[PDB]
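Quick heads-up: it's one chain on its own, the form deposited in one PDB entry, in structure tokens.
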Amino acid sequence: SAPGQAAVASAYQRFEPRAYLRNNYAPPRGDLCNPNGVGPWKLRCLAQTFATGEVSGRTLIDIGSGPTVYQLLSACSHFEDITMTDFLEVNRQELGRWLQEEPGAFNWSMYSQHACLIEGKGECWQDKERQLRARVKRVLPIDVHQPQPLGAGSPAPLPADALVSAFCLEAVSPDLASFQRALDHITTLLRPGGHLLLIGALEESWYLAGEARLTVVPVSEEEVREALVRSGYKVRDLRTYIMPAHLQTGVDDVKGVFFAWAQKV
């Protein structure tokens, strides 16, 4: 078990946040004007799920935030305490730049505007970002391969009412078995009856983050569903987006994207 993990940790030492941001969150993949694009689909899954009112509580943990905040734009009106996490210091620093409203931070304002647009409440994007910054109460190291991903007696309020995780588990797991165990490990962080929102890449074997070319376990929708069931979830929603050819740039070999809403039993 330890070998595959050592390979993952080593490969991530070359991960370049800015290149990763450019590849995935600037145009063309970061084009929010095309409703058929992947950015709008992700934001829609999240906004629609939170719009049900069924996913709420006091505390939320984002698992493997990397250098991004988009996955929390709709969530942040429903949780007063948000923990963001990442394995890499360089990503935690990138989140820090953004938290401090630095220029030189990545500009999420197009995503914030798009979230305001689809949430349909007339909120301005500046109020949305102010609220996300207020509700993020800590940014913590994490390793999903450890039985306690946050370490012993972490700062984070546990158990959490909800988890969010985008493009983390399949990107740090050498094989399906590692992915299943990682899912079990983060599932310990979640209250029974709590909710997990999982976004990830389907049938991907690599992606680029600068010099770093990371190896990814290719997973199918069926594999994700079965993993959720095995970890003790009821699957409420599991959607697939098929990556259009024009978005099939050379930054990865992804075939689609999945969104799962699961409730822990």
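Superpose the two forms; the largest set of C-alphas matching within 1.5 Å is the rigid core. Numbering starts at 1 and follows the sequence shown.
Chemist: Tell me which of 229 to 237 and 209 to 217 has the higher mean C-alpha B-factor in the deposited entry.
Modeler: Higher of the two, by average CA B-factor, is 209 to 217.
Chemist: Comparing 65 to 73 with 22 to 30, which stretch shows the greater average C-alpha B-factor in the deposited entry?
Modeler: In the deposited entry, the stretch with the higher C-alpha B-factor mean is 22 to 30.
Chemist: Going by the CA temperature factor in the entry, name the top one among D143, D184, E89, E123.
Modeler: Most elevated C-alpha B-factor of the set, per the entry: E89.
Chemist: Report the option among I118, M84, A177, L99 whose CA atom has the maximum B-factor in the deposited record.
Modeler: Highest C-alpha B-factor among the listed options: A177.
Chemist: Lowest, middle or highest third of the chain for the C-alpha temperature factor of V38?
Modeler: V38: CA B-factor falls in the middle third of its chain.
Chemist: Going by what the PDB entry lists, where does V257 fall on CA B-factor within its chain: lowest, middle or highest third?
Modeler: As the PDB entry reports it, the C-alpha B-factor of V257 lands in the lowest third of its chain.
Chemist: When the modelled residues of the chain are sorted by Cα temperature factor, does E94 land in the lowest, middle or highest third?
Modeler: According to the entry, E94 has a C-alpha B-factor in the chain's middle third.
Chemist: Is the Cα B-factor recorded for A105 in the lowest, middle or highest third of its chain?
Modeler: Highest third of the chain for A105's C-alpha B-factor.
Chemist: Should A134 be placed in the lowest, middle or highest third of its chain by the C-alpha B factor in the entry?
Modeler: Its C-alpha B-factor belongs to the lowest third of this chain's values.
Although not depicted, the form deposited in another entry is the subject of the following passage.
Chemist: Which listed residue, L208, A47, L238, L202, is the one whose CA shifts 2 angstroms or more between the shown form and the other one with the rigid core aligned?
Modeler: Among the listed residues, the one whose C-alpha moves by 2 Å or more is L208.
Chemist: Could you check whether the CA atom of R225 moves 2 Å or more between the shown form and the other one, using the rigid core for the fit?
Modeler: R225 C-alpha, core-superposed: shift of less than 2 Å.
Chemist: After the core is matched up, is the C-alpha of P27 off by 2 Å or more between the shown form and the other one?
Modeler: Superposed on the core, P27 moves its C-alpha 2 Å or more between the shown form and the other one.
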